[PDB]
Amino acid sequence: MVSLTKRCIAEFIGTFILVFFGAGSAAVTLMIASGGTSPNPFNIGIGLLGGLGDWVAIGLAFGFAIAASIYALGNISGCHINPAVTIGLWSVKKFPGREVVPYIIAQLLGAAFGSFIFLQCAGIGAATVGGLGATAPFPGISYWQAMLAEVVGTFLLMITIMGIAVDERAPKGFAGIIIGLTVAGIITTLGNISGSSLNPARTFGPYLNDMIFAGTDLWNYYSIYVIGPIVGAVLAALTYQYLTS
């Protein structure tokens, strides 16, 4: 109904909001905790002052921002704001393959830009101390461990999306808040393991800005936040297709 051009602008805004607010809270957490003493290496400083409370706070910053976006942009573009979701939807004939790349590009741009504008609001400390909320494996977590966390996490996100936003029997009006709260929950447990990206674009944004405004190069991890989410999403979409078949 809405032109692909405007739906792409919407996806841009939605992913911008997602990275600005979600990743922003993570960065800010590290900034107000910087200089504190951690009990052990696993605690990189996010759960330093508020324990798991800090992780639920970050998860909620993501969740509420996501819910708000879905309610604001859902009717416009469907508010995927996540490459893995677009692909997941695509994998079960729920989204036109012809629009997959356009959306993904708008998502990637929005994420990059969202991370950039936040970096301007909070100063350079957000990048040099908060790392702009970039998702990377945590201390003691191997490459495949983070991979696994990302597929199980994105699996939950997608199967929830399938059940509450795609299935025709879903309760109207609940998709936005449920999808958001679900992400908040996944981040609460999987955050201190892989950072709980569940979104290739959510990771892309921070990575990019982190490299340009900091001598950082986290790209040797990106594959985790690309393959993991995509595999998790498609697995969920198909699984749900089978269970309701």
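Don't overthink the numbering: it's just position in the shown sequence, from 1.
- Looking at 30-38 and 176-184 together, the entry lists the larger mean B-factor for 30-38, computed on C-alpha atoms.
- In this entry, 217-225 shows the higher mean Cα temperature factor of the pair 13-21 and 217-225.
- In the deposited entry, the Cα temperature factor of residue 128 places it in the highest third of its chain's modelled residues.
- Among the modelled residues of the chain, residue 116 sits in the highest third by CA temperature factor in this PDB entry.
- In the deposited entry, the Cα temperature factor of residue 154 sits in the bottom third of values across the chain's modelled residues.
- Among the modelled residues of its chain, residue 144 has a C-alpha B-factor that falls in the highest third according to the deposited record.
- When the modelled residues of the chain are ordered by C-alpha B-factor, residue 66 sits in the lowest third.
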